[PDB]
Each structure stands twice: as structure tokens, then as C-alpha cells.
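**Student:** Here you go, one structure.
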Amino acid sequence: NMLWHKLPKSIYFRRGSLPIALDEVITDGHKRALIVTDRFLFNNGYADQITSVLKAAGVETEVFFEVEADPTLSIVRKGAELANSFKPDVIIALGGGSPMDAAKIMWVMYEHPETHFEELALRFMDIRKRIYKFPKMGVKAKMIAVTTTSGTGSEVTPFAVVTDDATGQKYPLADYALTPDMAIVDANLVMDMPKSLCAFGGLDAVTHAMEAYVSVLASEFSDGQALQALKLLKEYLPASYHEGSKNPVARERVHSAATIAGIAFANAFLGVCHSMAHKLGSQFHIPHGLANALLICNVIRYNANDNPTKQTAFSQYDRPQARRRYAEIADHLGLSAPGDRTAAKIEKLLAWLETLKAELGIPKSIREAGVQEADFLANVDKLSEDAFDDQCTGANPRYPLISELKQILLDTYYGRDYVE
Amino acid sequence: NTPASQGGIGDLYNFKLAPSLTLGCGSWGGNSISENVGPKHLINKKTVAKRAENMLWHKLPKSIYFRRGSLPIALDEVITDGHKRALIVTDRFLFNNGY
Amino acid sequence: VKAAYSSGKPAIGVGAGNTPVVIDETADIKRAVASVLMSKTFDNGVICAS
Amino acid sequence: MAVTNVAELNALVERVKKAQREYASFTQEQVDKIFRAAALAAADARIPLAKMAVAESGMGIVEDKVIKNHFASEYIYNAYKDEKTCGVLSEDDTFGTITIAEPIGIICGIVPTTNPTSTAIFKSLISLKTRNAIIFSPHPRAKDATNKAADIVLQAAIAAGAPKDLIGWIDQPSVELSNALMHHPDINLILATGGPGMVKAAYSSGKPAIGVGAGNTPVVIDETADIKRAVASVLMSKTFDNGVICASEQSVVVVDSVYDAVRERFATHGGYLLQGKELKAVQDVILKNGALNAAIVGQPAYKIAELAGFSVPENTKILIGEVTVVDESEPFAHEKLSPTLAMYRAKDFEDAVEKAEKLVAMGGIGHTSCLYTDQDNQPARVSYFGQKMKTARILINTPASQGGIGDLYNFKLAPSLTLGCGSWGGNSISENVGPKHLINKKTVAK
Amino acid sequence: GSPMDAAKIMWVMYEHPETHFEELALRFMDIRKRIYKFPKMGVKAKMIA
Amino acid sequence: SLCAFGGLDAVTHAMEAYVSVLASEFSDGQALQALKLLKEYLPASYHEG
Amino acid sequence: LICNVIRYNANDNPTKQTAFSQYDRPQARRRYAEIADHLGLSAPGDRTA
Amino acid sequence: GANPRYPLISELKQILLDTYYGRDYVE
Ligand SMILES: [Fe+3]
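Read top to bottom, the protein sequences are chains A, B, C, D, E, F, G and H.
If you count by the deposited numbering, then the first sequence holds residues 450 to 869, one letter each, in order.
If you count by the deposited numbering, then the second sequence holds residues 397 to 495, one letter each, in order.
If you count by the deposited numbering, then the third sequence holds residues 199 to 248, one letter each, in order.
If you count by the deposited numbering, then the fourth sequence holds residues 1 to 446, one letter each, in order.
If you count by the deposited numbering, then the fifth sequence holds residues 546 to 594, one letter each, in order.
If you count by the deposited numbering, then the sixth sequence holds residues 645 to 693, one letter each, in order.
If you count by the deposited numbering, then the seventh sequence holds residues 744 to 792, one letter each, in order.
If you count by the deposited numbering, then the eighth sequence holds residues 843 to 869, one letter each, in order.
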């Protein structure tokens, strides 16, 4: 076997960086441009910042603003039609989270129109095999990406999700050729968003990183950059919520710290916590980020035990264990005395996770979020049978069985604490 | 094959030639050529310059494979894709032995 | 113009220098004698660079 | 051979004239081959060539004349590489016209004792790209360095397709010899530099001329600005080669609201003020016979204090004074070429600017001017400074000359030298020389 | 070390023969400037190591 | 006699990228992962082989 | 050399380029201490030097 | 480019002349 470590070609980043890099895609050979944008980011003056700079040197451009909170396999098909009506050469994404995914699927059906969608949903479905091969991309196009919020590293990772209009099914893609050829990470575009979106995303990164250290695909390449995220998110995050734009230094480092952790979960797959929050955030209409925020404190007591159900030759001997690895966070981060044991280091981590959710102002249990006691015992069964097959359990050393994954969904509704 | 100054009117001589005047110099010494005045000699121009913030980077190759027993497997990926001819470079001690 | 250049100030000058005409053997004669004769009786020969 | 007296100067000027007429028929393809193997051999000899100008002259540090000889020998081979100045330039064929070019002649030259080597690499890589020649005339105190560097460029040009005696240089000069290399009939340019000693006599000789001068450029500090930063940049760009770089800082105008915090800050890091009896002792050393002295030019900080009589610690960098009168009489507004300075007092912003126009026109020429302030909360004050000063550069939150290495300052700014004028009178701006002033162009018409 | 430094020169004068080696020693000598660009590489090769 | 002359280069290739004047928050976490590995296994890969 | 040059990067150093490595980049000495902790060669109570 | 203190030549032959005999540089 053989691990890997893949990334893009280039990551520019500092304050005041978008007009300079964009001067690099006109001195070379580029003439025609296409843009993708969310609805809210066109009625205000954000998407005009990159349209005027391109226009003075002279390149034609056309906007495309209909992508909602999720793609539906019908709007994206409108882009392939608009694509081959103007013959673009560069695809400039923009936004955070959702709008980038839809701008990734319209690009693969622009280089290959004849490819029907039944071939790209069964040959590439999980990034651990390598038997097949994906066609060569980048003949008459190359992609760009930009980020607007802090908490979702979807610009340097090969993950893309779409759902069907007819049945209500999910189809994920994953293979290491959809990654763009130039990322950009600016902080001048995030100084104005309110103080309710900078504590979900800024709490999303903490969960996006604290599973890449415990999985069974982390090598000595990815273990490092993840421990640089957890450190930069205990000195500055509390000071980016009480002050906002008054302290423009601290706002920058949080934003240059999620996309760090993005590098970690693109070379080592994620745990279980980033599965149960998909369905719990696209069937009750919760935004992603609060869901894994309400479950991260409950899984840590679930991966640390004897675990009678655990596959052998991996996660038992080839990989050391899932327990002692949680300790090494409790001493590099500085939440332990010099003389301690294994167990007491766990608890002093877990308290640090509760005192952060307090001052940031999020609820405790699902009940305070706006879910009635009407649609939670009649839908727990069609919901807990989905977390077993939605791209997880490759990680999360404890091999889960379905009759115990519903205890966590049923003790995080009344406020109780899971325990054996 | 053309007169010096210009003609009158009643003819089709070349039209976009500047007049005889509006053509001066900058000296008297010797072997000095003339050039045409206009609104670029009466205009001195300046420059201003602010302080822009620099930008950093983080650049790498596309791919780094690694683990015990990974030289043959990866090197099969180069021949399935279209590649026919291959040059090699090497030191000396790495050729008189079996590396 | 000769006193202007020497005054302790910048200057430019619109001068005039005697410009020649050259006729070789291969040329036409019936035409290049009646053009020189036109551009000299134009305002009695005071145009600069005649 | 050596050129001592006038009886053979009329023999050197005749040999080059026999060669220039052999140079002015080459084509564009084998002149861009000399220009390559003449720049490299000046950059690849940057450190036998600075160490030989410090032992004779007596000033300057060896560590700063190495990152200045490399900046004036590759900026001049990054912009004038592809600019056609030979044969044919352009061709429009609606009726038939072309724009051939030709050179001038023979370019004299003058060189000072301050930068004896940098401003000779620069005059021999454009006078060798536009099909002409040069003749030097150096200063006595540095006659060994300048003649050296104009020999490395030559003997590397000969062995790529060049003729023999295209460049020459006097040895063992004086004043009486130089006046014959400006009235001789067969030279028609002069590129003079230095202080206002020789540039003033060059403009008045019955020949065209340009001059690379220097005028005392001010610094302005208002109240809104940062103080912890714009005192430690001025303090860097003045101890760079002991303050002989052309267009350095010479005066620091400051408003009153923060005058009592931009005084002691100087005293802590590297400064040493003076306000008493010592002020008249330093005031009688830099002005001897109505002109500048040659006894301190380039020397370090504490030694001039030894000329007057008092003593100073060893690790000092600059000597600050303070006065309030601004004309001829008080000697701190004349350029000095030394690690010294002068600070003034002013009431408010709008009067400080009024106290800088009067300094610029004293020196005769405008070169630079710099202002420290905030640039995101006063868009109306940084633009009011662009319609009242008269120079060619206006810097905002940035030192004057340049930094060393160990930093990321702005890179595509031209050097301080290679920036001259055409007069001396008043309200005259400068502009950058290059291969468009040494090229007169023609037109033909069928 | 020693051979790999020579296999990055053997590639660039194979894709661009008319360019000498005296031009690529005065533009590019320190990685902080970003003004002058390099001729594009990767047309008729790609380098393993 | 060639697992020490080489190995001590890595330590020195890393203990200058954590002090220089161009370091970001990217290139520090990796240059710290080198020193921790090289103290717990280098004295073993020379005495034994 | 790496056991001698270290003592010549932690001093007062009279000549130092300015506007970088004085106020934009923090310092050199204090960063040589963080390695002493992450690497496990420090008691819980000590000074910088 | 790195090495924060701007060096100077007179203090860069003292390092090469004290790590040869075996001494330790010190100011
Ligand atoms: Fe090394």
C-alpha cells in the first residue's frame, strides 16, 4: 500500500491580495471568462470587485446567479448549456460551501458532453481504491477558487455533492482531479459579516481537524498541519466575536487557519461526526456547522473504550489506538498539569470544549434550536440507517453498529450525557 | 521626387506632411538634427507611490507518493497514460551496481 | 536665435538652413525643372525651408 | 599609454574618431551581442572593485558598495534589452515612409569622488548600445578606480566583435586640462554629476548638456501618523554608506502636537541632540569659503565631532540639530553629504508644506519628497500634497533611497541616480535618461 | 544532490535551445522578485524525480 | 558513515526555517514535525542499522 | 557551525535592517525557546535565557 | 535574505577563526 499527499499548485494569501493574483491570469493567455456566484453576493457590491479589474484590460465576462443553498441536478445542467454557448476558458468560482460544489460539476460536463451521469456515480465513490482512471481534465479550461467565509475548506479538497430532483437521493463524487489549479485566501472580503456566522464556521474548523488526527489514514505529513489549527483557535477566536471589525489582526488568522485544516482532511478522510450532521442539517433545515457543534462533545466518550466491535489488523495493531492520541492534544495545547494520567487528560480537554460553546452563545441540545417533539421519533429510523453508508466508517476506529448509533441521536435531545 | 515646401491648391500632393515651420532644435553647434514641437515639451510629469502590502505563497509539486514498497507501483502509472520514450540521468556509482 | 541660446535659460529655436537640390543623369528633366520653379515663386521665396 | 598634458590630448580624441566611424555601420544583430558580455563582466567583478575604492578615497563602508554595484548593472540589462535603435524602427505603407536612426558623436563625461565606480558602469552600457563612444575625466582622489572599471568593460567587448580603441581615459588630471575637453570642436555632449560646483559651469559652455544633480529633500510628519515606525526608517536610510547616496534625507519638518515625543525617541535608539554651545562649533566646520568642505564628506558620525573639540559615544549614528531660520545664511539647508540633519518646528499641517517649497527651490532642482501619514483615513490630504510640490517623485510612507537586503521593499523603482535635468533656473523638473536622448531620428518620403 | 541539480538545467535548454545561459543568470537569481516571468515549461516533457 | 553527514543536514535545514523573516503560519507546523521525529529514532539508526 | 552561530543570533546586534525584523516580524531569540518546550527539554519553571 | 541581523564582514571571520581552534564565540 502507499499513502499520498496531493494539493494544488498555488495558494496566495495575505491582506490585500486579490487584485495582484488576478493580474496573473491576464498576462498569460486568457481572453474569455465565466463566473459563478451565489444570489446574495450579486445584489451587493462583492462580485463587482473582480469584474471591473478584468474589464479594463479587456476580457468578456458573463454572470450566472441562480445557485441556491443546495444543487438539485437540474440547475447545474443549465450551466453546461450556457458553457458551450460562449466557449469559456476560465471558471472563476466564488462563495463559501455550497456554490463551489455546483461550479465543480458543470466543469466536468463541459469537457465531456457525451458522458452520461450513470458512469460518474458508480466508478468513483470512495477515495481509497485506485483501479480505475478518470479522464484528463484541463484541455480547454482551468479552474480558480475564492473563499468568502471562515470555516469550510472546500477550495483545496476533492469533495463534491449533489442531490436528485426526482427521488430525493444523494450522489457523491470523489477523485483527485477536480481540485482547482489556483486558490486564493483573502481576508479583506470578511470584515462585515455578522456575529452569528463567525461562530458556526469558526467552530466547524475545530471539528474538521480533530478527526484527521485520530483516523486510520493520517501519516507523518498531515499530523503536523492539524496541530497548527487547534493552537490558532484558542488565542484569537474569543477575540473575534466580542470585537468584530475593531481588531482586524485576529480576524485574519482564523481565516488563514480553516483552509490550513482543509489540507488535513483532503489527505486523510473524516470521522463519523461529519456524517450524522449532513442528514440532520438537510432534512430539518438546520445550517451546517451547528450540527457537528452539538455532537463533538458526545462522540469523544464513544471512541474511548474497549469497543468489542473493532476490525482486526487495522486500528488495533497497524495503528496504535484512538485513546492515547487524544492525550497528545491535551499537552501540546496546554491544558494539563505536569503530573497526570491518561484519563484525567481527557476530562480537561472536554471541559475546554464546553466553556467555548458558552461565551460564543449557542444552545445546548437540539430542542432549543427549533425542532418539535413531533417529527423526531417517527423519523429516527429512516435517519439512523443513513449514517451507516454516507461515506464514513473508513475512519472512526470503532466499527459502529446501527443499534447504538441511535443512542447518540436520542441523548442529544434531552440533554443527557452518553455513558456505558 | 517632390518639392520642398508644398504646393498651392489645384493638385493632389501628399497631404499629411507637417508644415515647414513648427520644426526647431536645441543647439547651434554642429551635426544637430531637428524635431517637431507640440504639447509634450511644455509638460513636466511626476510620479507618486504608496506602500502596498506584500503577498506570500506556499507552492509544491502535484503529488508525493511514499511508503516502503512504492517505486514499482507508482512507476506503472506513467506507462498506462501516454508515454513512449524515457531518458534517465544517474551518477557513476549508481550504475556499476544494481540500483 | 544665436543670442537666445546664450542667456542662462532654456530655449528652442525655429531656424532655417540652406537646403540643396541634386539632379543626376537617370532622372526626368521635363518635370524636375518645373517643380523647383514653382516652390520658389511662392510668396516670393520667404517660406522657411525653401 | 599615459595622457599627461595637452600636447597629446589632441591625439587621443583623434583615434576614437577613427573607430566610431567604423562602429556606425554594424547591424542590430551583432550589437546586442556586445551588450551581453559587457554587463556580465561588470557584475561578476563586484568584489575586487569596491574594496579598491575604499583604501584610496578614505570614506565609505565595504558592505554597502557591493549591493549598489549590482543594482546599477542588471536594471540596465532588464529594460533596454529589446528596444530597436539601429537601422530601421517602423514602417507605415499607406504612401511610403520610414524612420531610420543615427547616433550623435562622441560623449564627454565627468565623474565625482563620491560614487567613483557606479556612475561609470552606467555610462558605458548605453554609450555602447547606441553606437557611440565616451571619454572620461575623473577626480584626483580616485583616479585608480574609475580608470580600472572602464577597462574591464573594454577588454571584454573587444573579444566579441568590437573594434580596438573605443573608450579612453585621462590619467593624472587637473583643472587646466579639463577645460580643453569641453571646447574642443568634435565632442557635442557632456554628462556631468557632482554637487553644484561643476554642473553650473557645464550648462554655460556653448554646447548642450544634461546634469545629474541633488537637492535637499525634506521630510514631513503630521499628527495622525505612526511614530514608532517613521523614526526608524529615516534613521536607516541615512547611515547607508554614511549618507553620500544622491537624494537622501536632509531635513525633518514636524508639527507641534507631537514635537515633544519625536525628540527623545531619537535620543534613545541612535541619536544625540545638541542645543547649546556645541551648535556653533559644528556650524563652523561644514562651511569654510562659501562652499562645502572636503574634510568630512563620507566620514562616520563621531569623527566630525572630534574636529570641533567635544566627544561622543562610539555607537552613535547621526547628529541632530535644531534651528528655525531658513535661507542661505544658516548652514543646515545646503546639502552636506554627511550623517547630519536638521529639524524644524511648525504650527499646523498647512504651514509645514509652505516650509518645504522654500527649501526645494534653494537647491535648484527637485528630485524627491516624502510624507509620513495615514493613507486610509485621509484621502484628501495625500492628494493636496500632489498639487503644491515640484519634483518628479512623491513618496508616501516609504524611505527615500532604498533599503539593503533582508526585506521586501518595492522593487521596480529606478535608482536614485540616472535622473537629471536640462537647466538650473527655477521650477525645473527632472526626468530619466536612457537610450532615447542619444538618438536623433529622420524621415524619408517617396 | 549533485545529479539532480544538473537534470533541471538539461531540461530547460532542451525545450528552448535558442536561449543562451548568459540571460538566465541576470534576471532570475533570488526568489523574492515577481516582476520578470519565466518561459512556460511543460510542453513536451514532464519530470519525475 | 553516510547516515550522519546526511541526517545532520536535515536538522539544520529545519532549524532555520522557524526563525527566518519569511515564515508564515503554513511553513512552521511541518518544520517542527522534523525535530520531534529525529530525536527518537536517529540514535537507533546508527548503532544498529 | 550550528553550535556556534546560534549564540550569534541572540544578542543586541547594533546593526539591524529596519521596518522588517524589528516591528513586522517579532524577534529571533524568543522563537529559539519554543523549540525547547515542544521538544521536551525544559522544566516547568525557568527563564528565557 | 533571512538571518535577521544584517551581518558585517569583520564579524564573519571571527566565526571561522574560533571554530577551528575549538573556542566558542562570545561578545
Ligand atoms: Fe544541506
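Just so you know, even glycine gets a beta-carbon here, dropped at the ideal spot from N, CA and C.
Consult DSSP for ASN410 (chain B) and reduce its assignment to one of helix, strand or coil.
**Tutor:** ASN410 (chain B): coil per DSSP, three-state reduction.
**Student:** Hey, is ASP653 (chain F) close to ligand 2, as in C-beta under 7 Å from one of its heavy atoms?
**Tutor:** Only ligand 1 can be found as ligands here, which leaves ligand 2 out of the picture.
**Student:** Rounding to the nearest angstrom, what Cα-Cα distance links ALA594 (chain A) and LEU638 (chain A) in this structure?
**Tutor:** One C-alpha to the other measures close to 14 Å.
**Student:** Excluding sequence positions up to five away, which residues of its chain have a Cβ less than 8 Å from the Cβ of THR791 (chain G)?
**Tutor:** Cβ within range, chain order: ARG772, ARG773, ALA776.
**Student:** Taking residue 873 (chain A) and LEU543 (chain A) to be in contact with their CB atoms under 8 Å, please state how far apart those CB atoms are, rounded to whole angstroms.
**Tutor:** It is not possible to answer for residue 873 (chain A), since the shown part of chain A is limited to 450 through 869.
**Student:** Check for me: the beta strand (DSSP E) holding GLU853 (chain A) runs from which residue to which?
**Tutor:** Taken as a continuous stretch (DSSP letters only), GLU853 (chain A) belongs to no beta strand (DSSP E), being part of the alpha helix (DSSP H) at 851-860.
**Student:** What's the C-alpha gap between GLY298 (chain D) and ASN696 (chain A)?
**Tutor:** Whole-angstrom Cα-Cα distance: 46 Å.
**Student:** Taking Cβ positions, are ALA661 (chain A) and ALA667 (chain A) nearer each other than 8 Å?
**Tutor:** Closer than 8 Å, so yes.
**Student:** Between the stretch 114-125 of chain D and the stretch 7-19 of chain D, are three or more C-beta pairs nearer than 8 Å?
**Tutor:** The stretch 114-125 of chain D is not in contact with the stretch 7-19 of chain D.
**Student:** Listed from N- to C-terminal order along the chain, which residues in the stretch 846-865 of chain H have their beta-carbon within a distance smaller than 8 Å of any beta-carbon of chain D?
**Tutor:** Here the close residues are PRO846, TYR848, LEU850, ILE851.
**Student:** Which two residues bound the contiguous beta strand (DSSP E) that contains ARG345 (chain D)?
**Tutor:** Where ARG345 (chain D) is concerned, the enclosing beta strand (DSSP E) stretches over 343-346.
**Student:** Distance check for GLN172 (chain D) and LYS143 (chain D), CA to CA, integer angstroms please.
**Tutor:** Approximately 7 Å between the Cα atoms of the pair.
**Student:** Would a check of beta-carbon distances place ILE580 (chain E) closer than 8 Å to chain D?
**Tutor:** By this cut-off, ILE580 (chain E) is an interface position.
**Student:** Please state if the CB of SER248 (chain C) and the CB of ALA445 (chain B) are separated by a distance shorter than 8 Å.
**Tutor:** No; because the gap between Cβ atoms is not below 8 Å, this pair is not in contact.
**Student:** Output, in chain order, the set of chain D residues within a Cβ distance shorter than 8 Å of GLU567 (chain E).
**Tutor:** Chain D residues near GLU567 (chain E): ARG36, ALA37, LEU40.
**Student:** Please determine whether the Cβ atom of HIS657 (chain F) lies at a distance below 7 Å from any heavy atom of ligand 1.
**Tutor:** Yes, the Cβ of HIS657 (chain F) comes within 7 Å of a heavy atom of ligand 1.
**Student:** Is the shortest distance between the beta-carbon of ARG750 (chain G) and the beta-carbons of chain H less than 8 Å?
**Tutor:** Taking Cβ atoms only, chain H reaches closer than 8 Å to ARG750 (chain G), which makes this a yes.
**Student:** Quick test of your reading: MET198 (chain D) and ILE286 (chain D), contact by CB under 8 Å. State the CB separation rounded to the nearest angstrom.
**Tutor:** That pair is no contact at about 20 Å.
**Student:** Leaving out five residues on either side along the sequence, give the residues of the same chain with a beta carbon under 6 Å from the beta carbon of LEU739 (chain A).
**Tutor:** If we look at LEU739 (chain A) and ignore the five residues flanking it on each side, its Cβ neighbours are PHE649.
**Student:** Which stretch, first to last residue, makes up the alpha helix (DSSP H) that contains residue 457 (chain D)?
**Tutor:** In this structure chain D extends from 1 to 446, so residue 457 (chain D) is not present and cannot be described.
**Student:** Figure out for me which residue from A:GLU560, A:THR521, A:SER547 has the closest Cα to the Cα of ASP538 (chain A).
**Tutor:** When only C-alpha atoms are compared, the closest one is A:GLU560.
**Student:** Quick one: which residues of the stretch 772-784 of chain G get their C-beta closer than 9 Å to a C-beta of chain F? List them in chain order.
**Tutor:** Answer in chain order: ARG774, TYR775, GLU777, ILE778, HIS781, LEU782, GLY783.
**Student:** Would you tell me roughly how many angstroms separate the C-alpha atoms of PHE670 (chain A) and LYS728 (chain A), rounded to the nearest one?
**Tutor:** For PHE670 (chain A) and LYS728 (chain A), the distance between alpha carbons rounds to 32 Å.
**Student:** Count the other CB atoms within 10 Å of the CB of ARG579 (chain E); is the residue buried (16 or more) or exposed (fewer)?
**Tutor:** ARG579 (chain E) should be labelled exposed.
**Student:** Taking Cβ-Cβ distances shorter than 9 Å, what residues in chain E pair up with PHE411 (chain D)?
**Tutor:** What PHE411 (chain D) touches in chain E: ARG577, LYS578, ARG579, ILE580.
**Student:** Which of the three DSSP states, helix, strand or coil, is assigned to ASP624 (chain A)?
**Tutor:** Coil.
**Student:** Note the first and the last residue of the continuous beta strand (DSSP E) segment covering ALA779 (chain G).
**Tutor:** Here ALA779 (chain G) belongs to no beta strand (DSSP E); instead the alpha helix (DSSP H) covers 774-781.
**Student:** Return the bridge partner residues of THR612 (chain A) from the DSSP annotation.
**Tutor:** Paired residue(s): A:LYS619.
**Student:** Note down the Cα distance separating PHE462 (chain A) from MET451 (chain B), rounded to an integer number of angstroms.
**Tutor:** So the alpha carbons of these two residues sit roughly 6 Å apart.
**Student:** Mind pulling the chain B residues with CB within less than 7 Å of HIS561 (chain A)?
**Tutor:** In chain order: nothing, as chain B lies at least about 17 Å away.
**Student:** Which full runs of the beta strand (DSSP E) of 3+ residues lie inside the stretch 465-504 of chain A, going along the chain?
**Tutor:** 481-484, all fully within the stretch 465-504 of chain A.
**Student:** Can you tell me whether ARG700 (chain A) is buried or exposed, with buried defined as 16 or more other CB within 10 angstroms of its CB?
**Tutor:** Burial call: buried.
**Student:** For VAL88 (chain D), which residues in the same chain have their Cβ closer than 7 Å to its Cβ, ignoring the five residues on either side in sequence?
**Tutor:** Within the same chain, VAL88 (chain D) has close Cβ partners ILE98, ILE100.
**Student:** Please list the terminal residues of the continuous beta strand (DSSP E) segment that includes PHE122 (chain D).
**Tutor:** Taken as a continuous stretch (DSSP letters only), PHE122 (chain D) belongs to no beta strand (DSSP E), as it is neither H nor E.
**Student:** May I ask which residues mark the beginning and end of the beta strand (DSSP E) holding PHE462 (chain A)?
**Tutor:** Its beta strand (DSSP E) spans residues 460-462.
**Student:** Any beta-carbon of chain H closer than 8 Å to the one on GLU74 (chain D)?
**Tutor:** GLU74 (chain D) does not count as touching chain H.
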